[PDB]
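Quick heads-up: it's one chain on its own, the form deposited in one PDB entry, in C-alpha cells.
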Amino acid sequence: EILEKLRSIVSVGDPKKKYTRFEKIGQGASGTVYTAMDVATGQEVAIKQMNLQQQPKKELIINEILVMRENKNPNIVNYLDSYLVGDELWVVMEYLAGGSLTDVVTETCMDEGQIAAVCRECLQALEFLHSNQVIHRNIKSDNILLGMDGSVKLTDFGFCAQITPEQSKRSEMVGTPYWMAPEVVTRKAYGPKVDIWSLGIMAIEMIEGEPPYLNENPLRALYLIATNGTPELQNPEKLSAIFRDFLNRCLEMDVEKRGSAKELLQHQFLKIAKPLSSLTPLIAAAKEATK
C-alpha cells in the first residue's frame, strides 16, 4: 500500500550473509541494535532491527530512511543501507566506538567545558537539519553518540518531521515527555525551536544527571511541564553566569525570544568549550562504570 514505497527504497539481498558476528549493543523502543562485521570489505557496522507490526504508522519508517539518507553531515550518524527481512526492517549505519551521552551523564560529572563542547556539536547538527526544513523532535542524551575520538553525533530520526513555507508548523504531540517543549505538550502549532528546548533539557541532564521530573511518571511530567514552563535546577548557584544565560535562552517560554540554533552557536557560553578530546576521559569513565 504505502508499504509499496518502503519496499522500493530498500536494497535487496541477504543481509544475513553480507554481515556477521552479530552482538546486541542496545535494545530501544522499535529498535534492537546490533554490531556486525561486513564479510566483504571488512568494516564494522551498527544495524538497527525494527519490527514492522509494532509501528502502525509506516510513513514514519519511510520518513526515517529518507531524512537520514538525504541529510548527511559530520554531526549525524551515517546511513549506509537498508533491508526488509520477513517482518523486520534492518537499517545499516557506520559504527562508532564510544557510548551514549546517557552513559556519560549518569555515571560521570561533566565540567562546563565539556558541556559546552557537546552543546556546540549538537547545535551544529540542528542548524544543519533546521536549514534543510527537518525538526528532530526527540533530542535527548540517549540519541547522542560519542566517538572514541570525541566525535559527537545525533541519531534516531524515527520521530522527525519535514516542514515547508506552506506547512511551516507541525501539530503532532510527539517526543519523550521529559524533553518535550511546552508548546508541543500543550498542542499548539510549533517549529524547529522545540529541538532547542529539548537541547536545553539535555544540558540539564549533563549538569544534574537527569531531565527535570524524571522521578515522576510520564503523564505527570507532562502536566508539570504544562504547568511550570521553564524548569528549575536543583542547584543553580553551582553554574557560571554565561551558562545560566545559555540555559535561559534554550528554555525560553516565548518561542519568539528562544534562540535558534544559528543564534546559539554565537553564545559566549560555547567560547569555553574544551577540545573534543576532553570527552574521551568521560567515555572511558562511563565504560568502566557500566562494566
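Note that residue numbering follows the sequence shown and begins at 1.
Quick note: we don't show the form solved in complex with a small molecule, though the next part is all about it.
Comment: 124-132 is the region of 184-192, 106-114, 217-225, 124-132 lying near the small molecule in the bound PDB entry, near meaning a non-hydrogen atom within 4.5 Å.
Between the options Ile76, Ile196, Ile207, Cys119, the residue in contact with the small molecule in the bound PDB entry by a heavy atom within 4.5 angstroms is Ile76.
This chain appears without its partner; in the bound PDB entry, the one residue of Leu247, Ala36, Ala261, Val67 with a heavy atom within 4.5 Å of the small molecule is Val67. Contact annotation: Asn71 falls within 4.5 Å of the small molecule in the bound PDB entry, judged by heavy atom distances.
Residue contact with the small molecule in the bound PDB entry: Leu154 places a heavy atom within 4.5 Å of it.
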